[PDB]
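Labels below follow one simple rule: chain letters A, B, ... track the order of the sequence lines, proteins then strands, and each chain is numbered from 1. We use all heavy atoms of the structure for the numbers below, so side chains are in, but hydrogens, waters and symmetry mates are not.
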Amino acid sequence: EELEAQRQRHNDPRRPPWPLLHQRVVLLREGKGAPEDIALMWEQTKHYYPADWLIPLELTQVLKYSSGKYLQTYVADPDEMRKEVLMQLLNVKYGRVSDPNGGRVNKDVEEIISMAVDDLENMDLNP
Amino acid sequence: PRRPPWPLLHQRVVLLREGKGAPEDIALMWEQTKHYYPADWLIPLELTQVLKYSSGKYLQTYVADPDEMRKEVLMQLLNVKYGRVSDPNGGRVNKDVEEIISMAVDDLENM
C-alpha cells in the first residue's frame, strides 16, 4: 500500500537506526554534535521515520534556541526546515501518519506536540 | 491537583538547561516529575543532559546532593525499562524508546 514504501525504506541498508539518530540530534543543542549534518539528519528522519515526533521535538528546540547565524551557517533554508518539522509534527498529531518512534501519542504526547507546534508556528527564521 | 502539566514541566526542564528560567527550580522540577510522573522517560532524559554537561561548579550551587539526584534519575529510568512502573504519563515505551533510555542509563553510570 504505503506499507510497501515503508518496508522498502526499512530494509534499506543505509538506514540510520533511530536511536543513534536521536542520539546524534540530541548532541546538537549542547554544541557537541555535527551541525553540518543537520539537513541530512533531518532528511533521514522525514524519510525513514516520518511518523516520529521525538526527533522533531528535539529539532524544534534546536530551531528555538540556536541563534540565527548558527542556523544560517549549517542550514541552507532554515525557515523551510521549520515548516517541514512543523508539517511532520502536525501529521503525527492528526494521525496522518502512525507508529511513532517516540512512542504512542497518548494524550500527553499530543499536548507536548501541540506546544512544539505553537513554538514552530510562532517562529520566523528568515534573515 | 497541583500537578504541573507535562508539556509545561518538560518545557521548564528544557528552559533550565537552556539557561532560561531559574536554575534553583531544578530540585522542584525533579521532585515533581518523581511525584507526578513516576513512569516518564522524556524528562529523565533531558535531566541526564543537564547533569551530563553541567559543571561541578554549577551543579553544586543549584543542586543539593547532585549525585543522589543522578541515582534517582537513573532509577526512574531503570524502573521504566524493566516494567516496574506504568503509564499514566507521560510517554509510552517500545524497543526504540527502550534503547535511547539505555543510552541515558549509560551516560548516568559513566558520570
Cluster overlap B:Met29 with B:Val80, hydrophobic side-chain contacts below 4.5 Å: yes

Do B:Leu47 and B:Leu78 land in one hydrophobic cluster if side-chain heavy atoms of ILVMFWY residues count as linked below 4.5 Å? yes

Measure distances from B:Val93 to the heavy atoms of chain A and classify the residue's part below 4.5 Å as side chain, backbone, both or neither. neither

Among the clusters formed by ILVMFWY side chains lying less than 4.5 Å apart, do A:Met115 and A:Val109 turn up in the same one? no

Can you say whether A:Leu21 sits under 4.5 Å from chain B via the side chain, the backbone, both, or neither, judging by heavy atoms? neither

Under a 4.5 Å heavy-atom cut-off, does chain B meet the side chain of A:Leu57, its backbone, both or neither? side chain

Examine whether an atom of B:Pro88 lies under 4.5 Å from a heavy atom of chain A, and if so say whether it belongs to the side chain, the backbone or both; otherwise answer neither. backbone

What donor-acceptor contacts under 3.5 Å connect chain B and chain A, backbone and side chains included?
| residue | atom | partner | partner atom | Å |
| --- | --- | --- | --- | --- |
| B:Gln11 | OE1 | A:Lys64 | NZ | 3.4 |
| B:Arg17 | NH2 | A:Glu30 | OE1 | 3.0 |
| B:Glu18 | OE2 | A:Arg29 | NE | 3.3 |
| B:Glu46 | OE2 | A:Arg29 | NH2 | 2.4 |
| B:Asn89 | ND2 | A:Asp108 | OD2 | 3.3 |
| B:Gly90 | O | A:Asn106 | ND2 | 2.6 |
| B:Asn94 | ND2 | A:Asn101 | O | 3.2 |
| B:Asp96 | OD2 | A:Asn101 | ND2 | 2.7 |

Just give me the residue among B:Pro7, B:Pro5, B:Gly91 that pairs up with chain A most often, heavy atom to heavy atom, under 4.5 Å. B:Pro7

Starting from A:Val62, can I reach A:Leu54 by hopping between I/L/V/M/F/W/Y residues whose side chains sit under 4.5 Å apart? yes

To the nearest 0.5 Å, atom CG of A:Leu20 lies from atom CD1 of B:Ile100 at 11.5 Å

Mind checking whether A:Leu27 and B:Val105 sit in one hydrophobic cluster, side chains of I, L, V, M, F, W, Y counted as touching below 4.5 Å? no

